[PDB]
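>>> first chunk of the complex, coordinates as they sit in the assembly:
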Amino acid sequence: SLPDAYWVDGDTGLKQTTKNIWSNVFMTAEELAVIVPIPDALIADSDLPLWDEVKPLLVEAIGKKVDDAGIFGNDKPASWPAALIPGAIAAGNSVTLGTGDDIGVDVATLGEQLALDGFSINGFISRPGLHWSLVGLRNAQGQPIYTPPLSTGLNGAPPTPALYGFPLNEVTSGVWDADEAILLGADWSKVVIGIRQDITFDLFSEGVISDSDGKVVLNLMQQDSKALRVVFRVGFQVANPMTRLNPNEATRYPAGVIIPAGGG
């Protein structure tokens, strides 16, 4: 909340009282992890150094799951808040593509909804291939719109990938769903990742891999084998403070999304 102040009815008028209120926000860590067993006869006689080769791909495979949970809400832990795209849709910070004349007016509609919530866009993330779909679209006059008129001719090189001077940042890791969104815009300072345990690798020469019902499937000592375990603990928060322009938590959100048009 905020306190008030009041006008006093002349000299020796009776002054009034006021108060102020605070509340809480929370963040919860969740765990993702995997194991890679290899028989050490194969480690010894493989020319390829298999433990140094697999680690970069495991680091990359961890990062892919965190994006998919935090942006799109897929496989999301039950304790995490709503993901950026479902949260922006529930708040009403959404724009259906081609409701205006031009994708630039739909992006501008996005900027205005955030400004009316009291936040400003400072960047995007977008679908794979968005840049070439921008060079490929036309005004109702049948001319290109992505560049100044004196640089619209098909012989010339396209510009650096951007909308309104912000880089497009196409999501090339394969996490994106183009049936859900084209573009997400946000104040990226309001999006927070809490590192509880950074990516740690452990290599084991002893013990077992076991089934759900307790059978041993691989014994590391008795079958001349090793296994690599990787673990990450991570929490996610999207932090909307109370702004002056929109007090209501149900409709104030620090991100907005452009979504695909509906079917016939």
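It's in. Numbering: from 1, shown residues only, chains lettered A, B, ... in the order given.

>>> can you tell me the helix or strand for residue A:128?
For residue A:128, there is no helix or strand it lies in under DSSP states H and E.

>>> verify the contact between it and residue A:168 for me.
No - in this structure, residue A:128 is not within contact of residue A:168 by CB atoms under 8 Å, at 10.3 Å. Yep, even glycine has a C-beta here, placed from its N, CA and C like the rest.

>>> now stretch A:160-172: buried residues?
Applying a neighbour-count criterion of 16 or more other CB atoms under 10 Å, the buried positions in stretch A:160-172 are A:163, A:168, A:170-171.

>>> nearest to residue A:193, of those?
Among these, residue A:171 lies closest to residue A:193 (CB to CB), at 16.5 Å.

>>> show me the contacts for the closest residue to residue A:243 other than its chain neighbours.
Leaving aside its sequence neighbours, residue A:243 sits nearest to residue A:118 (CB to CB, 6 or more residues apart in numbering; 3.0 Å). Each residue near residue A:118 by CB atoms under 8 Å, 6 or more residues apart in numbering is listed here: A:243-246, A:252.

>>> gap between residue A:118 and residue A:253?
Note on residue A:118: its distance to residue A:253, by CB to CB, to the nearest Å, is 11 Å.

>>> can you check residue A:137 too?
Residue A:137 is 28 Å from residue A:253, by CB to CB.

>>> over to residue A:214?
Residue A:214 sits at a distance of 47 Å from residue A:253 (criterion: CB to CB).

>>> touching, residue A:102 and residue A:143? I think so.
No - Residue A:102 lies out of contact with residue A:143 (CB under 8 Å); the separation is 12.0 Å.

>>> more neighbours, those two?
Between residue A:102 and residue A:143, counting by other CB atoms under 10 Å, residue A:102 is the more crowded of the two (14 against 9).

>>> sequence below should go in as chain B:
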Amino acid sequence: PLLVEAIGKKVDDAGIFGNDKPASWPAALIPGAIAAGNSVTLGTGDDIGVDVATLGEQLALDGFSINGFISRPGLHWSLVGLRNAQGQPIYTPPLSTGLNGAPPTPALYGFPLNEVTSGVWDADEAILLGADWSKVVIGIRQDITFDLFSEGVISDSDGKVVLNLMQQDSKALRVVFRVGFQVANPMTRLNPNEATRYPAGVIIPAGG
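Let me put chain B in with the others:
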């Protein structure tokens, strides 16, 4: 800091919109322009630029020249999203505008577009206010003053004690500020009629 902000909010709400205004103070800028007839309805012509030029002409007919605006939250992004009937950009020169390029500094006709980011702006009353800001004066009598109390009482309008700071184990912080407001409309050769001359003008929303 929240009490300094709450004081500044009440000054703007009295001087611009006239809500809960002191009786010794003159008419507030928005009700004052509306009473004088220095008013334009948004979308009376083909783009917001023609209504802004109508506001500029109305002040020139009173003998005053605009030197700046104050304006609704989110206006700049509604201007970059603006297209004519041929589907071209209105807000910047068509010969140098396309979707890759950064928007300009928020402005109309070369004047900064100061959006009011506090909660004061009632966008159901006005979109934009233009004025000669040299004619608007704030008089400071006593700067924001803070005093802390540990003895004494908060009392009712009828002399009854409502909180006793000593006997109920409590303190209180008092903030006080003293201020005057003037909008100065000298006689001009062009409009000697006090009832219709004014140094500010407003664009109001469409319809009722």
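
>>> the contacts of residue A:118 again please, chain B included this time.
A:243-246, A:252, B:73, B:117 (CB atoms under 8 Å, 6 or more residues apart in numbering or on different chains).

>>> residue in the stretch 1-150 of chain A nearest to chain B?
The minimum distance from the stretch 1-150 of chain A to chain B, using CB to the nearest CB, falls at residue A:108 (3.0 Å).

>>> can you tell me the SS state at that residue?
Residue A:108 falls in the helix class when you classify it by DSSP: H, G, I helix; E, B strand; the rest coil.

>>> contact partners for it?
Applying CB under 8 Å, 6+ apart, the residues contacting residue A:108 are B:77-78, B:80-81.

>>> pull up the distance across stretch A:147-164, start to finish.
Stretch A:147-164 has its terminal residues 11 Å apart, counting by CA to CA, to the nearest Å.

>>> to clarify, my last question referred to stretch A:15-33.
Note: stretch A:15-33 ends 62 Å apart using CA to CA.

>>> with stretch A:133-152 instead?
15 Å.

>>> next one: stretch A:170-179
15 Å.

>>> now find how far off-centre it is within its chain.
Averaged C-alpha coordinates place stretch A:170-179 at 11 Å from its chain's average position (CA atoms, centre = their mean, to the nearest Å).

>>> for stretch A:134-150, same thing?
30 Å.

>>> follow-up on the earlier one: tell me the buried residues within the contacts of residue A:118.
The neighbour count (16 or more other CB atoms under 10 Å in any protein chain shown) marks A:244-246, A:252, B:73 as buried among the contacts of residue A:118.

>>> those strands in the stretch 51-200 of chain A, which residues are they?
Applying DSSP state E, counting those that start in this stretch to the stretch 51-200 of chain A gives strands spanning A:94-96, A:123-126, A:162-163, A:166-167, A:183-186, A:191-204.

>>> can you give the strand pairings for the longest one, parallel or anti for each?
Strand partners for strand A:191-204, identified by DSSP bridges, are recorded as strand A:225-238 (antiparallel).

>>> also put chain C in, sequence below:
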Amino acid sequence: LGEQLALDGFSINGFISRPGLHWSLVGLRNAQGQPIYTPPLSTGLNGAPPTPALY
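With chain C now in place:
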């Protein structure tokens, strides 16, 4: 075509094309009858066409 390669994760790097495509491009008019291979404001029938290229 440029978008389809980007949806596979490849970047378009150059072309090869049929005979006479360049003069097919300088003859390119939109449905409003304006040129497209060069911008309408800064090109008219008098001047030399550009060096043969595409994006």
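
>>> once more for the contacts of residue A:118, now including chain C?
Residue A:118 touches A:243-246, A:252, B:73, B:117, counting by CB under 8 Å, 6+ apart.

>>> biggest separation within those, which pair?
Taking every pair in those and measuring CB to CB, the maximum separation is 14.1 Å, between A:252 and B:117.

>>> about what we covered before: ok, of the contacts of residue A:118, which one's closest to chain C?
For the contacts of residue A:118, the residue nearest chain C by CB to the nearest CB is residue A:252; the value is 35.3 Å.

>>> quick one, what contacts residue A:121?
A:110-111, A:114, A:166, A:185-187, A:256.

>>> now do 7 Å
Residue A:121 makes contact with A:111, A:114, A:185-187, according to CB atoms under 7 Å, 6 or more residues apart in numbering or on different chains.

>>> TSV for those residues, including distance to chain C?
Below are these laid out as TSV (distance: CB to the nearest CB, whole Å):
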residue	distance to chain C
A:111	25
A:114	28
A:185	21
A:186	23
A:187	28
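
>>> residue A:95 contacts residue A:111, correct?
No - counting by CB atoms under 7 Å, residue A:95 stays clear of residue A:111, with 10.2 Å between them.

>>> what does the stretch 51-200 of chain A put close to chain C?
Counting by CB under 7 Å from any CB of the partner chain, the stretch 51-200 of chain A comes close to chain C at A:128-129, A:132-133, A:136, A:141-143, A:149-150, A:152-155, A:157-158, A:172.

>>> and residue A:261, what does it touch?
A:96-98.

>>> what do you get for residue A:96?
A:259, A:261.

>>> got it, and residue A:192?
Counted by CB under 7 Å, 6+ apart, residue A:192 has contacts A:237, A:239.

>>> and it, bridged to which residues?
What pairs with residue A:192, by the bridge criterion (DSSP bridges), is residue A:237.

>>> grab the most central residue of chain A for me.
The residue lying closest to the centre of chain A (CA atoms, centre = their mean) is residue A:71, at 3.6 Å.
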